[PDB]
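The chain that follows stands alone, in the form deposited in one PDB entry, written as structure tokens.
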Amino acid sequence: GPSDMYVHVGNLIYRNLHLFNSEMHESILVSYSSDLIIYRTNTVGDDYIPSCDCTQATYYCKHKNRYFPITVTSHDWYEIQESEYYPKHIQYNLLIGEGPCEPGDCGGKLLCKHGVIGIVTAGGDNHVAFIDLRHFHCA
């Protein structure tokens, strides 16, 4: 679902870490260095995470309730500074292009021609960052 702030492939859920409030489960994986939690759920999704290397993409902006086309660049690591909630740490496997960003936009799906490749994790003045989900998925 285009407006869904999470990624759902099969029985798996890919979701921002701080967007988690729910129950502890056996299948829960957590990447503190990527603000990502992965777990299994009872329902099934139609999302698909490709094993590609695309950069010509598009993503969902929540506070505008619309999709922006975007060209992104892959970063091995990047200094993600400190906001009120969490400190200035290092986040691995990021995607970055220019685009609008405002609080409450995390989970916004980023897609290429093959499927969902990431979700909004942070942004700044006219630049937005995504978790590269391709790294946390098997071909």
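We number the residues from 1 along the sequence you see. Just so we're on the same page, rigid core means the largest C-alpha set that superposes within 1.5 Å between forms.
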Practice task
Could you check which stretch, 50-58 or 77-85, carries the larger mean CA temperature factor in the entry?
Solution key: 77-85
Exercise for the section: Name the higher of the two by mean Cα B-factor in the PDB entry, 29-37 versus 89-97. Expected result: 89-97
Exercise for the section: Report the option among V116, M24, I131, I13 whose CA atom has the maximum B-factor in the deposited record. Expected result: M24
Completion exercise
Assert third(CA B-factor, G107) within chain per record equals lowest
Completion exercise
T71: C-alpha B-factor third of its chain, per the entry, is the highest
Problem - Chain third (lowest, middle, highest) by recorded CA B-factor, residue given as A122 - result: highest
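Only in words, not in the display: the form deposited in another entry, which the text now covers.
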Completion exercise
Just one entry of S51, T71, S27, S74 has its C-alpha move 2 Å or more between the shown form and the other one under rigid core superposition, and it is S27
Handout entry: Pair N21/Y32, Cα separation in that other deposited form versus the displayed form, closer or farther by 3 angstroms or more
Key = closer
Practice task
Work out the direction of the Cα-Cα change for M24 and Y32 in that other deposited form: closer or farther than in this form? It's 3 angstroms or more.
Solution key: closer
